[PDB]
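Enquirer: The structure follows.
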Amino acid sequence: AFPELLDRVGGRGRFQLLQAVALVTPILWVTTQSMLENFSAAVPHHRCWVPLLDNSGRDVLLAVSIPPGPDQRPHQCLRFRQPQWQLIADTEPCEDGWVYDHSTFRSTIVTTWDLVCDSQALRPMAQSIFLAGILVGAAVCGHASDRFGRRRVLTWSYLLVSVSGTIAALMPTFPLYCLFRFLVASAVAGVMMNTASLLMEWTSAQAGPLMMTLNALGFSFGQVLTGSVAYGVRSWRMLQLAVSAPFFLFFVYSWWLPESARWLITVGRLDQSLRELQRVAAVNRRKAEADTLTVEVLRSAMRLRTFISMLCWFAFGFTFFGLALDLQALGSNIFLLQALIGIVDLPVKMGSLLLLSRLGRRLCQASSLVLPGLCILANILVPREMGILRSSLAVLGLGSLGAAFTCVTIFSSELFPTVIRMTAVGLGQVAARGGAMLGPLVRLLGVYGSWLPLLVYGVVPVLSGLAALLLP
Ligand SMILES: O=c1[nH]c(=O)c2[nH]c(=O)[nH]c2[nH]1
């Protein structure tokens with residue numbers, strides 16, 4: 001009977017726009033704190049420290065000091081014991097530390113804590129820890145919004161994000177940085193889930209398309225904001241502080257947003273719900289039917305397809321979050337990538353959905369997975385002679401892959417008895433945030449050929465899309 005009360009008090013109107021913008025704005029920085037593991041932990045070119053060079057023909061000393069490496073570059077993990085002046089066998093690893101290339105990045109975490117050479121596996125583990133934090137935070141926060149309300153949890157998660165992000169930029173050792181990033185990720189997941197729920201509840205029966213489109217648009221613009229901010233600040237200690245500073249002001253101004261009315265009814269807090277409904281009525285300027293709200297009215301108010309959807313969600317999350325955090329090795333000009341993903345995401349998603357919806361829902365679902373799979377797979381075949389083709393295909397593939405997040409949510413998830421769609425979207429998202437755990441760990445397979453990670457990241461979505469055609 002709550003929709004009757006909502007229609008009595010409003011619907012569309014003015015408040016549902018102000019609240020919408022005030023909740024969409026943090027999504028950009030939420031995206032920023034997730035893809036920030038791309039300009040902070042960036043690996044520049046590194047070499048062994050030499051006593052002859054860098055104080056106690058420069059090319060001649062470079063040749064006589066470091067043995068040549070395989071990839072037409074000086075070796076990054078070995079050094080001559082003595083200057084081999086025979087050059088106009090016995091090699092030994094560094095102890096004096098490495099020297100880095102300070103031309104684009106002033107200081108990275110790899111620069112700070114020397115996560116190179118033997119200690120290489122640690123870098124693709126920070127993102128796995130972050131995704132574990134997101135998964136745990138999303139799992140725990142589910143049974144947290146039924147006892148503590150829904151508006152309070154949002155404010156406390158904003159404060160937690162701000163405090164943990166600020167503190168993490170002041171740690172002197174790696175494990176504490178990983179722990180604070182874990183906390184940041186959990187709080188961010190809580191923020192995202194609560195924002196989605198609060199957007200869903202307060203609006204009318206038209207909640208489906210508009211708000212779920214606005215959330216995706218917020219993520220897409222958050223990508224561009226990440227790119228811009230990264231272009232702005234270059235140091236890594238000054239990047240985390242600059243990114244996490246706004247969240248305190250967000251916690252400050254989110255202290256006045258009306259709490260969800262539907263939840264207050266189910267718990268018996270009738271007086272607060274009545275006051276909240278009256279204030280939204282005053283804001284919406286529909287102070288005509290609010291008289292009928294006289295408390296007594298509210299007192300009286302008080303298996304194949306699941307497998308396929310789970311597989312699609314797992315493939316999307318796995319490949320996307322295992323391939324969207326390594327744009328450094330995918331091309332060049334890292335600031336133009338990660339800032340062209342959303343610009344190639346929104347138009348492609350509107351156009352592809354518009355052109356494909358008419359042909360069929362299953363056709364659109366399958367076509368949104370095999371196409372990016374081949375798009376990614378064709379990247380390894382083309383040579384490095386042309387870089388524009390080396391970069392365009394991957395960008396297009398990632399943009400099309402991002403369209404699956406919308407295609408398998410709004411047009412899909414109806415593959416069920418059709419009672420209500422919120423019983424399956426959460427279960428599908430369980431895999432997504434569980435599969436991205438098993439993501440960047442694939443990049444640990446850089447040894448034993450470098451084409452294997454890309455081959456896997458291309459094969460998995462292709463197989464998922466091909467199997468999606470086997471619904472009957
Ligand atoms: O691969 C993803 N996993 C998620 O858990 C998630 N959440 C979100 O908003 N976008 C995505 N993408």
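Following the order of the structure tokens, first chain is A, next is B, and so on, with residues numbered from 1 inside each chain and ligands from 1 in the order they appear.
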Kindly provide, as a list in words, all nucleotide and amino acid residues lying within 8 Å of ligand 1, counting only C-alpha atoms and all ligand atoms.
Expert: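 I would give the residues around ligand 1 as residues 134, 135, 192, 216, 219, 313, 314, 316, 317, 318, 320, 321, 405, 429, 430, 432, 433, 434, 435 and 436 of chain A.
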Enquirer: Neighbouring residues of residue 209 (chain A) were defined as those with any atom within 10 Å, considering only C-alpha atoms; residues of the same chain fewer than 5 positions away were excluded. Please report them as an mmCIF file with N, CA, C and O atoms, in the first residue's frame.
Expert:
data_model
loop_
_atom_site.group_PDB
_atom_site.id
_atom_site.type_symbol
_atom_site.label_atom_id
_atom_site.label_comp_id
_atom_site.auth_asym_id
_atom_site.auth_seq_id
_atom_site.Cartn_x
_atom_site.Cartn_y
_atom_site.Cartn_z
ATOM 1 N N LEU A 214 21.238 6.197 -14.653
ATOM 2 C CA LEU A 214 21.995 7.281 -14.036
ATOM 3 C C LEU A 214 23.212 6.752 -13.289
ATOM 4 O O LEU A 214 24.271 7.388 -13.289
ATOM 5 N N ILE A 410 19.221 -4.787 -16.988
ATOM 6 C CA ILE A 410 17.921 -4.180 -17.266
ATOM 7 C C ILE A 410 17.088 -4.982 -18.253
ATOM 8 O O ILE A 410 15.872 -5.122 -18.049
ATOM 9 N N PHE A 411 17.694 -5.520 -19.309
ATOM 10 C CA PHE A 411 16.982 -6.368 -20.255
ATOM 11 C C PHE A 411 16.980 -7.835 -19.865
ATOM 12 O O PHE A 411 16.037 -8.551 -20.207
#
Enquirer: Could you give me, as a PyMOL selection string, each residue of region 259-337 of chain A that DSSP assigns to alpha helix (DSSP H) when run on this structure's backbone?
Expert: chain A and resi 261-267+270-284+296-301+304-323
Enquirer: Could you check which of A:374, A:257, A:427, A:222 is closest to residue 26 (chain A), using only C-alpha atoms?
Expert: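 For residue 26 (chain A), the nearest of the candidates is A:222.
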Enquirer: For residue 217 (chain A), which residue among A:349, A:45, A:234, A:358 is the nearest when counting only C-alpha atoms?
Expert: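 Using only C-alpha atoms, the shortest distance to residue 217 (chain A) belongs to A:349.
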Enquirer: With a distance cut-off of 9 Å and only C-alpha atoms, select the neighbouring residues of residue 31 (chain A), excluding the residue or stretch itself and same-chain residues fewer than 6 positions from it, and output the selection as a ChimeraX atom specification.
Expert: /A:218-223,225-226
Enquirer: For the selection you just gave me, I'd like the residues written to a file as a PDB file, in the first residue's frame, keeping N, CA, C and O atoms.
Expert:
ATOM      1  N   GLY A 218      27.018   7.720 -14.025  1.00  0.00           N
ATOM      2  CA  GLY A 218      27.915   8.211 -12.994  1.00  0.00           C
ATOM      3  C   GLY A 218      29.244   7.480 -12.994  1.00  0.00           C
ATOM      4  O   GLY A 218      30.302   8.098 -12.875  1.00  0.00           O
ATOM      5  N   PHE A 219      29.206   6.153 -13.138  1.00  0.00           N
ATOM      6  CA  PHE A 219      30.455   5.395 -13.233  1.00  0.00           C
ATOM      7  C   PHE A 219      31.269   5.813 -14.458  1.00  0.00           C
ATOM      8  O   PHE A 219      32.497   5.993 -14.381  1.00  0.00           O
ATOM      9  N   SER A 220      30.594   5.977 -15.597  1.00  0.00           N
ATOM     10  CA  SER A 220      31.282   6.332 -16.833  1.00  0.00           C
ATOM     11  C   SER A 220      31.962   7.689 -16.714  1.00  0.00           C
ATOM     12  O   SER A 220      33.081   7.885 -17.198  1.00  0.00           O
ATOM     13  N   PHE A 221      31.291   8.651 -16.075  1.00  0.00           N
ATOM     14  CA  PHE A 221      31.913   9.956 -15.875  1.00  0.00           C
ATOM     15  C   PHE A 221      32.974   9.915 -14.782  1.00  0.00           C
ATOM     16  O   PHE A 221      33.908  10.728 -14.789  1.00  0.00           O
ATOM     17  N   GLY A 222      32.851   8.986 -13.838  1.00  0.00           N
ATOM     18  CA  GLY A 222      33.867   8.806 -12.824  1.00  0.00           C
ATOM     19  C   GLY A 222      35.179   8.371 -13.432  1.00  0.00           C
ATOM     20  O   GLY A 222      36.250   8.750 -12.953  1.00  0.00           O
ATOM     21  N   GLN A 223      35.103   7.564 -14.489  1.00  0.00           N
ATOM     22  CA  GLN A 223      36.322   7.206 -15.215  1.00  0.00           C
ATOM     23  C   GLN A 223      37.052   8.447 -15.734  1.00  0.00           C
ATOM     24  O   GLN A 223      38.270   8.592 -15.551  1.00  0.00           O
ATOM     25  N   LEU A 225      36.717  11.518 -14.632  1.00  0.00           N
ATOM     26  CA  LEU A 225      37.213  12.277 -13.487  1.00  0.00           C
ATOM     27  C   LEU A 225      38.527  11.703 -12.975  1.00  0.00           C
ATOM     28  O   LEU A 225      39.436  12.455 -12.604  1.00  0.00           O
ATOM     29  N   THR A 226      38.638  10.375 -12.937  1.00  0.00           N
ATOM     30  CA  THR A 226      39.872   9.708 -12.544  1.00  0.00           C
ATOM     31  C   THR A 226      41.001  10.134 -13.468  1.00  0.00           C
ATOM     32  O   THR A 226      42.085  10.507 -13.008  1.00  0.00           O
TER      33      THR A 226
END
Enquirer: Excluding region 451-467 of chain A and its own-chain neighbours fewer than 4 positions away, which residues fall within 6 Å of it when counting only C-alpha atoms? Please give them as a list in words.
Expert: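 Near neighbours after the sequence-gap exclusion: residues 315, 319, 366, 369, 370, 373, 376, 377 and 443 of chain A.
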Enquirer: If you take only C-alpha atoms and a cut-off of 8 Å, which residues of region 10-73 of chain A touch region 87-99 of chain A, and what are their nearest atom pairs and distances in Å to one decimal, in chain and number order, as a Markdown table?
Expert:
| residue | atom | partner | partner_atom | distance |
| --- | --- | --- | --- | --- |
| A:46 | CA | A:99 | CA | 5.7 |
| A:47 | CA | A:98 | CA | 5.5 |
| A:48 | CA | A:98 | CA | 4.7 |
| A:49 | CA | A:98 | CA | 5.3 |
| A:64 | CA | A:87 | CA | 6.7 |
Enquirer: As a list in words, please: all residues of region 48-273 of chain A that backbone DSSP puts in strand (DSSP E or B).
Expert: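 Answer for region 48-273 of chain A restricted to strand (DSSP E or B) is residues 48, 68, 74, 79, 80, 91, 92, 98, 99 and 100 of chain A.
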Enquirer: Excluding residue 379 (chain A) and its own-chain neighbours fewer than 4 positions away, which residues fall within 12 Å of it when counting only C-alpha atoms? Please give them as a CSV table (one decimal) with N, CA and C atoms, in the first residue's frame.
Expert:
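Dumped to result-v3.csv:
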chain,number,residue,atom,x,y,z
A,330,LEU,N,49.0,-2.1,-22.0
A,330,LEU,CA,48.1,-2.2,-23.1
A,330,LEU,C,48.3,-1.2,-24.2
A,331,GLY,N,49.2,-0.2,-23.9
A,331,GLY,CA,49.5,0.8,-24.9
A,331,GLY,C,50.4,1.9,-24.3
A,372,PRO,N,33.1,-8.4,-27.5
A,372,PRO,CA,34.3,-7.9,-26.8
A,372,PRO,C,35.4,-9.0,-26.6
A,373,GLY,N,34.9,-10.3,-26.6
A,373,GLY,CA,35.9,-11.3,-26.5
A,373,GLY,C,36.8,-11.4,-27.7
A,374,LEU,N,36.3,-11.3,-28.9
A,374,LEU,CA,37.1,-11.3,-30.1
A,374,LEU,C,37.8,-10.0,-30.2
A,375,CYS,N,37.2,-8.9,-29.7
A,375,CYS,CA,37.9,-7.6,-29.7
A,375,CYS,C,39.2,-7.6,-28.9
A,383,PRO,N,50.7,-6.6,-34.9
A,383,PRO,CA,52.0,-6.2,-34.4
A,383,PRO,C,52.1,-4.8,-33.8
A,384,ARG,N,53.2,-4.5,-33.2
A,384,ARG,CA,53.5,-3.2,-32.6
A,384,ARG,C,53.9,-2.1,-33.7
A,386,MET,N,52.1,-0.6,-35.8
A,386,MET,CA,51.1,0.4,-35.7
A,386,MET,C,50.5,0.4,-34.3
A,387,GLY,N,50.6,1.6,-33.6
A,387,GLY,CA,50.1,1.7,-32.3
A,387,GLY,C,48.7,2.1,-32.2
A,388,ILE,N,48.2,2.8,-33.2
A,388,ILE,CA,46.8,3.2,-33.2
A,388,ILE,C,45.9,2.0,-33.2
A,389,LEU,N,46.2,1.1,-34.1
A,389,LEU,CA,45.4,-0.2,-34.1
A,389,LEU,C,45.7,-1.0,-32.9
A,390,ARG,N,46.8,-0.9,-32.3
A,390,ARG,CA,47.2,-1.6,-31.1
A,390,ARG,C,46.3,-1.1,-29.9
A,391,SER,N,45.9,0.1,-30.0
A,391,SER,CA,45.1,0.7,-28.9
A,391,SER,C,43.6,0.8,-29.1
A,392,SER,N,43.2,1.0,-30.3
A,392,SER,CA,41.7,1.2,-30.6
A,392,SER,C,40.9,0.0,-30.3
A,393,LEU,N,41.4,-1.2,-30.6
A,393,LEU,CA,40.7,-2.4,-30.4
A,393,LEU,C,40.4,-2.7,-29.0
A,394,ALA,N,41.5,-2.5,-28.1
A,394,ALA,CA,41.3,-2.8,-26.7
A,394,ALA,C,40.3,-1.8,-26.1
A,395,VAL,N,40.4,-0.5,-26.5
A,395,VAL,CA,39.4,0.5,-25.9
A,395,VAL,C,38.0,0.1,-26.3
A,396,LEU,N,37.8,-0.3,-27.6
A,396,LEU,CA,36.5,-0.7,-28.1
A,396,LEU,C,36.0,-1.9,-27.3
A,397,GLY,N,36.9,-2.9,-27.1
A,397,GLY,CA,36.5,-4.1,-26.3
A,397,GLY,C,36.1,-3.8,-24.9
A,451,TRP,N,51.9,-13.6,-23.4
A,451,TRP,CA,50.6,-13.6,-24.1
A,451,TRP,C,49.5,-14.4,-23.4
A,454,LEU,N,46.5,-12.3,-21.7
A,454,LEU,CA,45.6,-11.8,-22.6
A,454,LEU,C,44.8,-12.9,-23.3
A,455,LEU,N,45.5,-14.1,-23.6
A,455,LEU,CA,44.8,-15.2,-24.2
A,455,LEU,C,43.7,-15.7,-23.3
A,457,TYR,N,42.1,-13.9,-20.8
A,457,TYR,CA,41.2,-12.8,-20.7
A,457,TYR,C,40.3,-12.7,-22.0
A,458,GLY,N,40.8,-13.2,-23.1
A,458,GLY,CA,40.0,-13.3,-24.3
A,458,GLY,C,39.2,-14.6,-24.4
Enquirer: For residue 231 (chain A), please output as a PyMOL selection string all residues within 10 Å (counting only C-alpha atoms; exclusion window: fewer than 6 positions along the same chain).
Expert: chain A and resi 39+225+334-336+339
Enquirer: Could you save those same residues with N, CA, C and O atoms as a short mmCIF file (atom, residue, chain, number, x, y, z; two decimals), in the first residue's frame?
Expert:
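Listed below is the output, part-v1.cif:
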data_model
loop_
_atom_site.label_atom_id
_atom_site.label_comp_id
_atom_site.auth_asym_id
_atom_site.auth_seq_id
_atom_site.Cartn_x
_atom_site.Cartn_y
_atom_site.Cartn_z
N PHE A 39 47.47 4.76 -11.55
CA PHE A 39 48.44 5.84 -11.63
C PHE A 39 49.30 5.96 -10.38
O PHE A 39 50.36 6.58 -10.44
N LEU A 225 36.72 11.52 -14.63
CA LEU A 225 37.21 12.28 -13.49
C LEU A 225 38.53 11.70 -12.97
O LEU A 225 39.44 12.46 -12.60
N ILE A 334 48.96 6.90 -20.73
CA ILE A 334 48.02 6.35 -19.76
C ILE A 334 46.93 7.36 -19.41
O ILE A 334 45.84 6.97 -18.99
N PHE A 335 47.21 8.65 -19.55
CA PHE A 335 46.23 9.68 -19.22
C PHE A 335 45.15 9.86 -20.28
O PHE A 335 44.07 10.37 -19.96
N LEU A 336 45.39 9.46 -21.53
CA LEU A 336 44.36 9.47 -22.56
C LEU A 336 43.48 8.23 -22.49
O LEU A 336 42.26 8.33 -22.65
N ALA A 339 40.52 7.63 -19.61
CA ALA A 339 39.80 8.89 -19.71
C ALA A 339 39.07 8.93 -21.04
O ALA A 339 38.35 9.88 -21.35
#
Enquirer: For region 221-314 of chain A versus region 174-182 of chain A, which residues have an atom no more than 12 Å away, and what is each residue's nearest atom pair and distance in Å rounded to one decimal, using only C-alpha atoms, chain-then-number order, as JSON lines?
Expert:
{"residue": "A:237", "atom": "CA", "partner": "A:177", "partner_atom": "CA", "distance": 11.6}
{"residue": "A:240", "atom": "CA", "partner": "A:181", "partner_atom": "CA", "distance": 10.6}
{"residue": "A:244", "atom": "CA", "partner": "A:181", "partner_atom": "CA", "distance": 11.9}
Enquirer: Of the candidates A:212, A:293, A:163, A:141, which one gets nearest to residue 8 (chain A) if we count only C-alpha atoms?
Expert: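 Between A:212, A:293, A:163, A:141, the residue approaching residue 8 (chain A) most closely is A:293.
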